[PDB]
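Novice: Structure file upload-v3.csv (CSV, C-alpha atoms and all ligand atoms) right here:
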chain,number,residue,atom,x,y,z
I,1,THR,CA,-147.0,134.7,-99.2
I,2,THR,CA,-145.3,135.3,-102.5
I,3,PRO,CA,-147.8,136.1,-105.3
I,4,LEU,CA,-149.0,133.0,-107.0
I,5,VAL,CA,-149.5,132.8,-110.8
I,6,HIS,CA,-152.8,131.4,-112.0
I,7,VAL,CA,-152.4,129.7,-115.3
I,8,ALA,CA,-155.5,129.2,-117.4
I,9,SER,CA,-156.0,125.4,-118.0
I,10,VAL,CA,-158.7,124.4,-120.5
I,11,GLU,CA,-161.2,122.0,-119.2
I,12,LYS,CA,-160.0,118.6,-120.6
I,13,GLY,CA,-160.8,118.2,-124.3
I,14,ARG,CA,-163.3,121.1,-124.3
I,15,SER,CA,-163.7,123.6,-127.1
I,16,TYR,CA,-165.9,126.4,-128.4
I,17,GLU,CA,-168.9,124.2,-129.0
I,18,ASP,CA,-168.9,122.9,-125.5
I,19,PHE,CA,-169.0,126.3,-124.0
I,20,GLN,CA,-171.6,127.5,-126.5
I,21,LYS,CA,-173.8,124.7,-125.1
I,22,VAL,CA,-173.3,126.0,-121.6
I,23,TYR,CA,-174.0,129.6,-122.8
I,24,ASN,CA,-177.2,128.3,-124.4
I,25,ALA,CA,-178.4,126.5,-121.3
I,26,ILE,CA,-177.9,129.7,-119.3
I,27,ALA,CA,-179.6,131.7,-122.0
I,28,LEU,CA,-182.6,129.3,-122.2
I,29,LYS,CA,-183.0,129.4,-118.4
I,30,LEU,CA,-182.9,133.2,-118.5
I,31,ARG,CA,-185.8,133.1,-120.9
I,32,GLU,CA,-187.7,130.4,-118.9
I,33,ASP,CA,-187.4,131.9,-115.4
I,34,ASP,CA,-188.7,135.3,-116.5
I,35,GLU,CA,-190.8,136.0,-113.4
I,36,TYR,CA,-187.9,136.6,-111.1
I,37,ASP,CA,-187.7,140.0,-109.3
I,38,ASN,CA,-191.0,141.2,-110.6
I,39,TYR,CA,-190.2,140.1,-114.1
I,40,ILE,CA,-186.8,141.8,-114.4
I,41,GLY,CA,-185.4,138.3,-114.9
I,42,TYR,CA,-182.1,136.9,-113.7
I,43,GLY,CA,-179.9,138.8,-116.1
I,44,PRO,CA,-178.9,141.7,-113.8
I,45,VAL,CA,-178.1,139.5,-110.8
I,46,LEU,CA,-176.0,137.3,-113.0
I,47,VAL,CA,-174.0,140.3,-114.1
I,48,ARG,CA,-173.6,141.4,-110.5
I,49,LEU,CA,-172.5,137.9,-109.5
I,50,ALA,CA,-169.8,137.8,-112.3
I,51,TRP,CA,-168.5,141.2,-111.1
I,52,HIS,CA,-168.5,140.4,-107.4
I,53,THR,CA,-166.7,137.1,-107.9
I,54,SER,CA,-164.1,139.0,-110.0
I,55,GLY,CA,-163.9,142.3,-108.0
I,56,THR,CA,-162.1,140.8,-105.0
I,57,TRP,CA,-158.9,140.8,-107.0
I,58,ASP,CA,-155.9,142.7,-105.7
I,59,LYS,CA,-153.3,143.5,-108.3
I,60,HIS,CA,-150.6,143.8,-105.6
I,61,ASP,CA,-150.5,140.1,-104.7
I,62,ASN,CA,-152.9,138.5,-107.2
I,63,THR,CA,-155.2,137.3,-104.4
I,64,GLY,CA,-159.0,137.0,-105.0
I,65,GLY,CA,-160.2,137.3,-108.6
I,66,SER,CA,-162.4,135.2,-110.9
I,67,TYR,CA,-159.9,132.3,-111.2
I,68,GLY,CA,-160.6,130.2,-108.1
I,69,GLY,CA,-164.4,130.4,-108.1
I,70,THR,CA,-164.2,130.8,-104.3
I,71,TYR,CA,-167.7,132.3,-104.0
I,72,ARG,CA,-168.8,128.7,-103.6
I,73,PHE,CA,-167.3,128.8,-100.1
I,74,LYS,CA,-169.1,130.1,-97.0
I,75,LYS,CA,-166.8,133.0,-96.1
I,76,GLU,CA,-167.4,134.6,-99.5
I,77,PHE,CA,-171.0,133.9,-100.2
I,78,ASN,CA,-171.8,135.2,-96.8
I,79,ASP,CA,-170.0,138.5,-97.5
I,80,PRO,CA,-172.4,141.3,-96.6
I,81,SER,CA,-171.3,142.8,-99.9
I,82,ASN,CA,-172.7,139.8,-101.7
I,83,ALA,CA,-176.2,139.8,-100.1
I,84,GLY,CA,-178.7,138.7,-102.7
I,85,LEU,CA,-176.3,137.0,-105.0
I,86,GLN,CA,-177.4,133.6,-103.6
I,87,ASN,CA,-180.3,134.0,-106.1
I,88,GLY,CA,-177.8,134.0,-109.0
I,89,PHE,CA,-175.9,131.0,-107.6
I,90,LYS,CA,-179.2,129.1,-107.2
I,91,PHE,CA,-180.0,129.9,-110.8
I,92,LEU,CA,-176.6,128.5,-112.0
I,93,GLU,CA,-176.9,125.3,-109.9
I,94,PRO,CA,-178.9,123.3,-112.5
I,95,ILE,CA,-176.6,124.6,-115.2
I,96,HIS,CA,-173.5,123.3,-113.3
I,97,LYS,CA,-175.3,120.0,-112.6
I,98,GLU,CA,-175.8,119.4,-116.3
I,99,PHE,CA,-172.2,120.5,-117.2
I,100,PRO,CA,-170.2,119.4,-114.2
I,101,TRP,CA,-167.0,119.7,-116.2
I,102,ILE,CA,-167.0,123.5,-116.2
I,103,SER,CA,-165.0,125.2,-113.4
I,104,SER,CA,-166.9,127.4,-111.0
I,105,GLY,CA,-165.0,130.5,-112.0
I,106,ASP,CA,-165.7,129.8,-115.7
I,107,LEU,CA,-169.4,129.4,-114.9
I,108,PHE,CA,-169.7,132.5,-112.8
I,109,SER,CA,-168.0,134.7,-115.4
I,110,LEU,CA,-169.8,133.0,-118.3
I,111,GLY,CA,-173.1,133.7,-116.6
I,112,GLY,CA,-172.3,137.4,-116.7
I,113,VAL,CA,-171.2,137.3,-120.4
I,114,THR,CA,-174.4,135.4,-121.3
I,115,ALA,CA,-176.6,137.8,-119.4
I,116,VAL,CA,-175.1,140.9,-121.0
I,117,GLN,CA,-175.4,139.4,-124.5
I,118,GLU,CA,-178.9,138.0,-124.1
I,119,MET,CA,-180.1,141.4,-122.8
I,120,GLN,CA,-179.0,142.9,-126.2
I,121,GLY,CA,-175.7,144.2,-124.9
I,122,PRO,CA,-172.3,144.1,-126.7
I,123,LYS,CA,-170.6,140.8,-127.5
I,124,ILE,CA,-168.1,140.1,-124.7
I,125,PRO,CA,-165.2,137.9,-125.7
I,126,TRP,CA,-164.7,135.2,-123.1
I,127,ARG,CA,-161.8,132.8,-122.3
I,128,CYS,CA,-162.0,129.5,-120.5
I,129,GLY,CA,-159.5,128.0,-118.2
I,130,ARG,CA,-160.2,129.2,-114.6
I,131,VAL,CA,-159.5,126.4,-112.2
I,132,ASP,CA,-161.2,125.9,-108.8
I,133,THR,CA,-158.9,126.6,-105.8
I,134,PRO,CA,-159.1,125.4,-102.1
I,135,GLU,CA,-161.3,127.0,-99.5
I,136,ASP,CA,-158.2,128.6,-97.8
I,137,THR,CA,-157.7,130.7,-101.0
I,138,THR,CA,-161.0,132.5,-100.5
I,139,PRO,CA,-160.5,136.2,-100.0
I,140,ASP,CA,-161.7,137.8,-96.8
I,141,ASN,CA,-164.8,140.0,-96.8
I,142,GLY,CA,-164.3,143.8,-97.4
I,143,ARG,CA,-162.6,143.8,-100.7
I,144,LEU,CA,-165.6,144.9,-102.7
I,145,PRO,CA,-166.4,148.7,-102.8
I,146,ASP,CA,-168.9,150.8,-100.8
I,147,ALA,CA,-171.6,152.8,-102.5
I,148,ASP,CA,-171.9,155.7,-100.0
I,149,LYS,CA,-168.6,157.4,-101.0
I,150,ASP,CA,-167.4,160.0,-103.5
I,151,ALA,CA,-165.6,160.3,-106.7
I,152,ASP,CA,-162.2,160.2,-105.0
I,153,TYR,CA,-163.0,157.0,-103.2
I,154,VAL,CA,-164.1,155.3,-106.5
I,155,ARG,CA,-161.1,156.4,-108.4
I,156,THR,CA,-158.6,155.2,-105.8
I,157,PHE,CA,-160.6,151.9,-105.2
I,158,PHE,CA,-160.6,150.8,-108.8
I,159,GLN,CA,-156.8,151.3,-109.1
I,160,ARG,CA,-156.6,148.1,-107.1
I,161,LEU,CA,-158.4,146.4,-110.0
I,162,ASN,CA,-156.1,148.2,-112.5
I,163,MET,CA,-158.9,150.2,-114.0
I,164,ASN,CA,-158.6,153.8,-115.1
I,165,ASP,CA,-161.2,156.6,-115.4
I,166,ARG,CA,-162.7,155.4,-118.7
I,167,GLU,CA,-162.8,151.8,-117.6
I,168,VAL,CA,-164.6,152.7,-114.3
I,169,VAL,CA,-167.2,154.9,-116.0
I,170,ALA,CA,-167.8,152.3,-118.7
I,171,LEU,CA,-168.2,149.5,-116.1
I,172,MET,CA,-170.7,151.6,-114.0
I,173,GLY,CA,-172.9,151.7,-117.1
I,174,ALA,CA,-174.0,148.2,-116.1
I,175,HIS,CA,-176.2,149.9,-113.6
I,176,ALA,CA,-178.7,150.4,-116.4
I,177,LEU,CA,-179.5,146.9,-115.3
I,178,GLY,CA,-181.7,145.6,-112.4
I,179,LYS,CA,-182.2,147.6,-109.2
I,180,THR,CA,-181.1,148.1,-105.7
I,181,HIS,CA,-183.0,146.1,-103.1
I,182,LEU,CA,-183.3,147.6,-99.6
I,183,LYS,CA,-182.9,144.2,-97.9
I,184,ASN,CA,-179.7,143.4,-99.8
I,185,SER,CA,-177.8,146.7,-99.8
I,186,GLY,CA,-179.6,149.4,-97.9
I,187,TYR,CA,-180.6,151.1,-101.1
I,188,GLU,CA,-183.9,150.9,-103.0
I,189,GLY,CA,-185.0,151.5,-106.6
I,190,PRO,CA,-184.0,151.0,-110.2
I,191,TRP,CA,-181.6,153.2,-112.1
I,192,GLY,CA,-183.8,153.4,-115.2
I,193,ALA,CA,-186.8,152.0,-117.0
I,194,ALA,CA,-185.4,149.2,-119.2
I,195,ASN,CA,-184.3,147.0,-116.4
I,196,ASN,CA,-183.3,144.0,-118.4
I,197,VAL,CA,-182.2,145.6,-121.7
I,198,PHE,CA,-178.5,146.7,-121.9
I,199,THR,CA,-178.3,150.3,-123.2
I,200,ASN,CA,-176.6,153.5,-122.3
I,201,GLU,CA,-179.6,154.6,-120.3
I,202,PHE,CA,-177.6,155.0,-117.1
I,203,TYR,CA,-175.6,158.0,-118.5
I,204,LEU,CA,-178.7,159.5,-120.0
I,205,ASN,CA,-180.6,159.4,-116.7
I,206,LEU,CA,-177.7,160.8,-114.8
I,207,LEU,CA,-177.6,163.8,-117.1
I,208,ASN,CA,-181.2,164.3,-117.9
I,209,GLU,CA,-183.2,163.5,-114.7
I,210,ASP,CA,-183.8,166.0,-111.9
I,211,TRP,CA,-182.2,164.4,-108.9
I,212,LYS,CA,-182.9,165.1,-105.2
I,213,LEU,CA,-180.7,163.9,-102.3
I,214,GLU,CA,-183.0,161.9,-100.0
I,215,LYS,CA,-183.0,159.3,-97.2
I,216,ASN,CA,-184.4,155.9,-98.0
I,217,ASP,CA,-186.1,153.6,-95.5
I,218,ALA,CA,-182.8,152.2,-94.4
I,219,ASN,CA,-181.7,155.8,-93.3
I,220,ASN,CA,-179.1,155.9,-96.1
I,221,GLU,CA,-178.8,158.8,-98.6
I,222,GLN,CA,-179.5,158.2,-102.3
I,223,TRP,CA,-180.4,160.4,-105.2
I,224,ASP,CA,-184.0,160.1,-106.4
I,225,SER,CA,-186.0,161.3,-109.5
I,226,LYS,CA,-189.7,161.9,-109.9
I,227,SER,CA,-189.6,159.3,-112.7
I,228,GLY,CA,-189.0,156.7,-110.0
I,229,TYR,CA,-185.3,156.2,-110.5
I,230,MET,CA,-182.4,156.4,-108.1
I,231,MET,CA,-178.6,156.8,-108.2
I,232,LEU,CA,-176.1,155.7,-105.5
I,233,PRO,CA,-173.8,158.3,-104.1
I,234,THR,CA,-171.0,156.7,-106.1
I,235,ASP,CA,-173.1,156.8,-109.3
I,236,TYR,CA,-173.8,160.5,-108.8
I,237,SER,CA,-170.2,161.2,-108.1
I,238,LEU,CA,-169.6,160.4,-111.8
I,239,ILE,CA,-171.2,163.8,-112.7
I,240,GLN,CA,-169.7,165.6,-109.7
I,241,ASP,CA,-166.1,164.9,-110.7
I,242,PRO,CA,-165.2,166.8,-113.9
I,243,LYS,CA,-163.1,164.0,-115.4
I,244,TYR,CA,-165.8,161.4,-114.9
I,245,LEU,CA,-168.4,163.9,-116.2
I,246,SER,CA,-166.8,164.2,-119.5
I,247,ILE,CA,-166.8,160.5,-120.0
I,248,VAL,CA,-170.4,160.2,-118.9
I,249,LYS,CA,-171.4,162.7,-121.5
I,250,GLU,CA,-169.4,160.8,-124.1
I,251,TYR,CA,-171.3,157.6,-123.5
I,252,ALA,CA,-174.6,159.3,-123.2
I,253,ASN,CA,-174.0,160.5,-126.8
I,254,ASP,CA,-172.5,157.4,-128.4
I,255,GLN,CA,-174.1,154.1,-127.8
I,256,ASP,CA,-171.6,152.2,-129.9
I,257,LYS,CA,-168.6,153.7,-128.1
I,258,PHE,CA,-170.1,152.7,-124.8
I,259,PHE,CA,-170.7,149.1,-126.0
I,260,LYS,CA,-167.2,148.8,-127.3
I,261,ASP,CA,-165.6,150.2,-124.1
I,262,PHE,CA,-167.8,148.2,-121.8
I,263,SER,CA,-167.0,145.0,-123.6
I,264,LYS,CA,-163.2,145.5,-123.2
I,265,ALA,CA,-163.5,146.6,-119.6
I,266,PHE,CA,-165.8,143.8,-118.6
I,267,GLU,CA,-163.6,141.1,-120.2
I,268,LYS,CA,-160.6,142.7,-118.5
I,269,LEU,CA,-162.4,142.6,-115.2
I,270,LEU,CA,-163.3,138.9,-115.6
I,271,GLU,CA,-159.8,138.0,-116.6
I,272,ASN,CA,-157.8,140.0,-114.0
I,273,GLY,CA,-155.2,137.8,-112.3
I,274,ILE,CA,-155.2,135.1,-115.0
I,275,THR,CA,-152.2,134.1,-117.1
I,276,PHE,CA,-153.2,132.8,-120.5
I,277,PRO,CA,-150.5,130.6,-122.1
I,278,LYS,CA,-149.3,131.7,-125.5
I,279,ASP,CA,-150.9,128.7,-127.2
I,280,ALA,CA,-154.2,129.0,-125.3
I,281,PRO,CA,-157.3,129.2,-127.4
I,282,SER,CA,-158.3,132.6,-128.7
I,283,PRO,CA,-161.2,134.3,-126.9
I,284,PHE,CA,-164.6,132.8,-127.7
I,285,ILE,CA,-167.4,135.0,-129.0
I,286,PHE,CA,-170.7,133.2,-128.4
I,287,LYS,CA,-173.7,133.5,-130.6
I,288,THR,CA,-176.9,134.7,-128.9
I,289,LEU,CA,-180.0,132.4,-128.9
I,290,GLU,CA,-181.5,134.9,-131.3
I,291,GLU,CA,-178.5,134.6,-133.7
I,292,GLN,CA,-178.8,130.8,-133.6
I,293,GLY,CA,-182.6,130.8,-134.2
I,294,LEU,CA,-183.1,129.2,-130.8
J,301,LIG,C1,-169.8,145.7,-114.5
J,301,LIG,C2,-170.8,145.6,-113.5
J,301,LIG,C3,-171.0,146.3,-112.3
J,301,LIG,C4,-170.1,147.1,-111.7
J,301,LIG,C5,-168.6,147.3,-112.1
J,301,LIG,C6,-170.7,147.6,-110.5
J,301,LIG,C7,-170.1,148.4,-109.5
J,301,LIG,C8,-170.6,148.8,-108.3
J,301,LIG,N1,-171.9,148.5,-107.8
J,301,LIG,FE1,-173.3,147.5,-108.9
J,301,LIG,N2,-174.6,146.2,-109.8
J,301,LIG,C9,-174.5,145.7,-111.0
J,301,LIG,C10,-173.4,145.7,-111.8
J,301,LIG,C11,-172.2,146.3,-111.5
J,301,LIG,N3,-172.0,147.1,-110.4
J,301,LIG,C12,-175.8,145.1,-111.4
J,301,LIG,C13,-176.1,144.5,-112.8
J,301,LIG,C14,-176.6,145.3,-110.4
J,301,LIG,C15,-178.1,144.9,-110.3
J,301,LIG,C16,-178.3,143.5,-109.6
J,301,LIG,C17,-179.8,143.1,-109.4
J,301,LIG,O1,-180.7,143.8,-110.0
J,301,LIG,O2,-180.0,142.1,-108.7
J,301,LIG,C18,-175.9,145.9,-109.3
J,301,LIG,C19,-176.4,146.3,-108.1
J,301,LIG,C20,-175.8,147.0,-107.1
J,301,LIG,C21,-176.3,147.4,-105.9
J,301,LIG,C22,-177.6,146.9,-105.3
J,301,LIG,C23,-177.6,145.4,-104.8
J,301,LIG,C24,-178.9,145.0,-104.3
J,301,LIG,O3,-179.5,145.7,-103.4
J,301,LIG,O4,-179.4,143.9,-104.7
J,301,LIG,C25,-175.5,148.2,-105.2
J,301,LIG,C26,-175.6,148.8,-103.9
J,301,LIG,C27,-174.3,148.3,-106.1
J,301,LIG,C28,-173.1,149.0,-105.8
J,301,LIG,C29,-172.0,149.0,-106.6
J,301,LIG,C30,-170.6,149.6,-106.2
J,301,LIG,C31,-170.9,151.2,-106.2
J,301,LIG,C32,-170.4,149.1,-104.8
J,301,LIG,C33,-170.0,147.6,-105.0
J,301,LIG,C34,-169.8,149.5,-107.3
J,301,LIG,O5,-168.5,149.9,-107.1
J,301,LIG,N4,-174.5,147.6,-107.3
Could you render the structure from this file as structure tokens?
Ligand code: FMI
Specialist:
Amino acid sequence: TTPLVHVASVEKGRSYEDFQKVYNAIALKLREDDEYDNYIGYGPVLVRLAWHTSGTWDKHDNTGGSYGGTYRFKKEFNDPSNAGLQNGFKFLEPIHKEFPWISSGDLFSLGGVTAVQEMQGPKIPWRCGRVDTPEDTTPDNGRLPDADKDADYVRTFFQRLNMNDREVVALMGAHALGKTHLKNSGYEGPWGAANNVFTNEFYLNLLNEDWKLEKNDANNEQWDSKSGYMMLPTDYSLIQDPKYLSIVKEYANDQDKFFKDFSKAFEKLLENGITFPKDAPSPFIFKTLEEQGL
């Protein structure tokens, strides 16, 4: 029961170029399969997958986390909290088939990094070395957070992932991406207009839209705006809590600051629970397809 240490182990003989190739394959497929989810593309769901496979981590005993790539196991991919992520896993299947040497955890997390960057978001340094662990290491369902709670719930919950107020608010900015799907989560609607472009729109919408507390077709409350956007109760709590509100305003007024803080928090999220040897490779910063002229 003693907390196990997960030491990053580089896939045998692999280096930056090998991973840039995987990044490129993911990026090229994101471009090709553009029709998904009414042309939103697979970017958002890949970011959600990267987060859900990392968000099971418990700092108290180092269980869960991105290291083991346990989402490949039935108990975890059937977690009600992960409904809809099967689309992201299916997307990555041909990628893993072409590059069988990459670990599942490295693939799931790299998928998120690739999606953020290809969607014009900040560069996210990424480290390789996650190693697949047995099915009995799969964390039980119920470790991911709920969306119907308040600011106090959010603050306490994220302490388990060792995230502070600024880190939590920055991470939530990813909701500028994609949308909620009634069938998956009991919530329906996008948070903004630019569904597959990474910007600080989430914060701007929270502060500038006129929100009304309504019930959706699943009988759950959510905040709606005449513009056709929505906010989860947890999203809205970010402007109800005075400490979160200050940070929301900061990001709504400084795109660069949001990008920098999100990058750090997202990398931290994807690396929680992993011990990187002193002589491990430095974090990789992948070039986008655009930067490579591809
Ligand atoms: C850093 C990234 C991130 C964080 C930290 C983070 C944190 C949290 N999220 Fe969010 N998320 C991300 C990224 C991130 N999310 C993205 C990109 C999406 C869109 C997915 C898609 O469009 O398919 C979604 C979609 C989504 C949905 C709709 C799912 C669906 O119906 O398909 C819900 C209900 C929630 C709830 C919650 C919380 C409040 C409960 C878990 C929460 O704590 N999310």
Novice: Taking all atoms listed in the file and a cut-off of 6 Å, can you tell me which residues surround ligand LIG 301 (chain J), written as a PyMOL selection string?
Specialist: chain I and resi 44-45+47-48+51+84+144-147+171-172+174-175+177-182+184-185+187+234
Novice: Nearest residue to residue 274 (chain I) out of I:31, I:127, I:143, I:97, using all atoms listed in the file?
Specialist: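 With all atoms listed in the file as the atom set, the closest residue is I:127.
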Novice: For a quick check of understanding, using all atoms listed in the file, which of I:18, I:121, I:152, I:195 has the smallest distance to residue 42 (chain I)?
Specialist: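 The closest residue to residue 42 (chain I) is I:195.
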Novice: Please provide the set of residues having any atom within 10 Å of region 222-232 of chain I, restricted to only C-alpha atoms, with same-chain residues fewer than 4 positions apart removed, written as a list in words.
Specialist: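 That gives residues 146, 147, 148, 149, 150, 175, 179, 180, 186, 187, 188, 189, 190, 191, 192, 193, 202, 205, 206, 209, 210, 211, 212, 213, 214, 215, 216, 236 and 237 of chain I.
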Novice: Enter the distance from CA of residue 203 (chain I) to CA of residue 252 (chain I), in Å, rounded to one decimal.
Specialist: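 A separation of 5.0 Å between them.
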Novice: Near residue 245 (chain I), within 12 Å and counting only C-alpha atoms, which residues show up once chain neighbours fewer than 4 positions away are dropped, as a list in words?
Specialist: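 Neighbouring residues, sequence-local ones excluded: residues 151, 165, 166, 168, 169, 170, 203, 204, 206, 207, 235, 236, 237, 238, 239, 240, 241, 249, 250, 251 and 252 of chain I.
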Novice: Provide the CA of residue 91 (chain I) to CA of residue 137 (chain I) distance in Å, to one decimal place.
Specialist: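 It comes out at 24.4 Å.
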Novice: Counting only C-alpha atoms, what is within 10 Å of region 112-116 of chain I, bar same-chain residues fewer than 6 positions away, as a PyMOL selection string?
Specialist: chain I and resi 20+22-27+30+41-51+122-126+174+177+196-198+263+266-267+270+285-289
Novice: Here is a test: counting only C-alpha atoms, which residue of I:256, I:176, I:105, I:15 is nearest to residue 40 (chain I)?
Specialist: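 Residue with the minimum atom-to-atom distance to residue 40 (chain I): I:176.
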Novice: If I take CA of residue 12 (chain I) and CA of residue 129 (chain I), how far is one from the other in Å, to one decimal?
Specialist: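 Computing the Euclidean distance for CA of residue 12 (chain I) and CA of residue 129 (chain I) yields 9.7 Å.
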Novice: Determine, counting only C-alpha atoms, which protein, DNA and RNA residues have an atom within 10 Å of an atom of residue 103 (chain I); residues of the same chain fewer than 6 positions away are not included. Present the result as an MDAnalysis selection string.
Specialist: chainID I and resid 10:11 67:69 96 128:133
Novice: Taking (-159.6, 143.2, -104.3) in the file's coordinates, which residues come within 7 Å, counting only C-alpha atoms, written as a tab-separated table (two decimals) with C-alpha atoms, keeping the file's coordinate frame?
Specialist:
chain	number	residue	atom	x	y	z
I	55	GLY	CA	-163.90	142.30	-108.00
I	56	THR	CA	-162.10	140.80	-105.00
I	57	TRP	CA	-158.90	140.80	-107.00
I	58	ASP	CA	-155.90	142.70	-105.70
I	64	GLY	CA	-159.00	137.00	-105.00
I	143	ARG	CA	-162.60	143.80	-100.70
I	144	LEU	CA	-165.60	144.90	-102.70
I	160	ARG	CA	-156.60	148.10	-107.10
I	161	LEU	CA	-158.40	146.40	-110.00
Novice: Ranking I:106, I:217, I:136, I:61 by minimum distance to residue 2 (chain I) and counting all atoms listed in the file, which one comes first?
Specialist: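 Residue with the minimum atom-to-atom distance to residue 2 (chain I): I:61.
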Novice: For residue 8 (chain I), which of I:141, I:162, I:275, I:86 is the closest residue, counting all atoms listed in the file?
Specialist: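 For residue 8 (chain I), the nearest of the given residues is I:275.
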Novice: Ranking I:80, I:271, I:265, I:32 by minimum distance to residue 158 (chain I) and counting only C-alpha atoms, which one comes first?
Specialist: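 Of I:80, I:271, I:265, I:32, the one nearest residue 158 (chain I) is I:265, counting only C-alpha atoms.
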Novice: Is there a way to complete region 41-59 of chain I with N, CA and C atoms and then write that out as an mmCIF file, in the coordinates of the input?
Specialist:
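Written file, part31.cif:
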data_model
loop_
_atom_site.group_PDB
_atom_site.id
_atom_site.type_symbol
_atom_site.label_atom_id
_atom_site.label_comp_id
_atom_site.auth_asym_id
_atom_site.auth_seq_id
_atom_site.Cartn_x
_atom_site.Cartn_y
_atom_site.Cartn_z
ATOM 1 N N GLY I 41 -186.146 139.447 -114.375
ATOM 2 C CA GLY I 41 -185.400 138.300 -114.900
ATOM 3 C C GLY I 41 -184.096 138.183 -114.144
ATOM 4 N N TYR I 42 -183.382 137.081 -114.352
ATOM 5 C CA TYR I 42 -182.100 136.900 -113.700
ATOM 6 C C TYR I 42 -180.876 137.509 -114.342
ATOM 7 N N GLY I 43 -181.071 138.193 -115.462
ATOM 8 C CA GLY I 43 -179.900 138.800 -116.100
ATOM 9 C C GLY I 43 -179.096 139.724 -115.273
ATOM 10 N N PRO I 44 -179.699 140.753 -114.668
ATOM 11 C CA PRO I 44 -178.900 141.700 -113.800
ATOM 12 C C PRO I 44 -178.172 141.025 -112.667
ATOM 13 N N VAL I 45 -178.823 140.147 -111.911
ATOM 14 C CA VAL I 45 -178.100 139.500 -110.800
ATOM 15 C C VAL I 45 -176.965 138.647 -111.253
ATOM 16 N N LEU I 46 -177.059 138.078 -112.454
ATOM 17 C CA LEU I 46 -176.000 137.300 -113.000
ATOM 18 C C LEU I 46 -174.775 138.137 -113.314
ATOM 19 N N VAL I 47 -175.054 139.349 -113.787
ATOM 20 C CA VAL I 47 -174.000 140.300 -114.100
ATOM 21 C C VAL I 47 -173.331 140.731 -112.819
ATOM 22 N N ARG I 48 -174.144 141.012 -111.803
ATOM 23 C CA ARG I 48 -173.600 141.400 -110.500
ATOM 24 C C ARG I 48 -172.753 140.290 -109.920
ATOM 25 N N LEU I 49 -173.206 139.047 -110.071
ATOM 26 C CA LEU I 49 -172.500 137.900 -109.500
ATOM 27 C C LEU I 49 -171.099 137.798 -110.244
ATOM 28 N N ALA I 50 -171.089 137.931 -111.567
ATOM 29 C CA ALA I 50 -169.800 137.800 -112.300
ATOM 30 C C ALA I 50 -168.858 138.912 -111.837
ATOM 31 N N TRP I 51 -169.371 140.109 -111.587
ATOM 32 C CA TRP I 51 -168.500 141.200 -111.100
ATOM 33 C C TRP I 51 -168.045 141.005 -109.695
ATOM 34 N N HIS I 52 -168.929 140.619 -108.782
ATOM 35 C CA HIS I 52 -168.500 140.400 -107.400
ATOM 36 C C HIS I 52 -167.509 139.278 -107.216
ATOM 37 N N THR I 53 -167.603 138.253 -108.054
ATOM 38 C CA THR I 53 -166.700 137.100 -107.900
ATOM 39 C C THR I 53 -165.324 137.492 -108.554
ATOM 40 N N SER I 54 -165.289 138.568 -109.338
ATOM 41 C CA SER I 54 -164.100 139.000 -110.000
ATOM 42 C C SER I 54 -163.457 140.221 -109.242
ATOM 43 N N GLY I 55 -164.332 141.038 -108.661
ATOM 44 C CA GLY I 55 -163.900 142.300 -108.000
ATOM 45 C C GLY I 55 -163.139 142.183 -106.692
ATOM 46 N N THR I 56 -162.879 140.971 -106.221
ATOM 47 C CA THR I 56 -162.100 140.800 -105.000
ATOM 48 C C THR I 56 -160.630 140.798 -105.276
ATOM 49 N N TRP I 57 -160.283 140.836 -106.557
ATOM 50 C CA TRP I 57 -158.900 140.800 -107.000
ATOM 51 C C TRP I 57 -158.052 141.992 -106.468
ATOM 52 N N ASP I 58 -156.803 141.690 -106.129
ATOM 53 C CA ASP I 58 -155.900 142.700 -105.700
ATOM 54 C C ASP I 58 -154.633 142.558 -106.568
ATOM 55 N N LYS I 59 -154.390 143.557 -107.412
ATOM 56 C CA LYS I 59 -153.300 143.500 -108.300
ATOM 57 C C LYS I 59 -151.913 143.401 -107.614
#
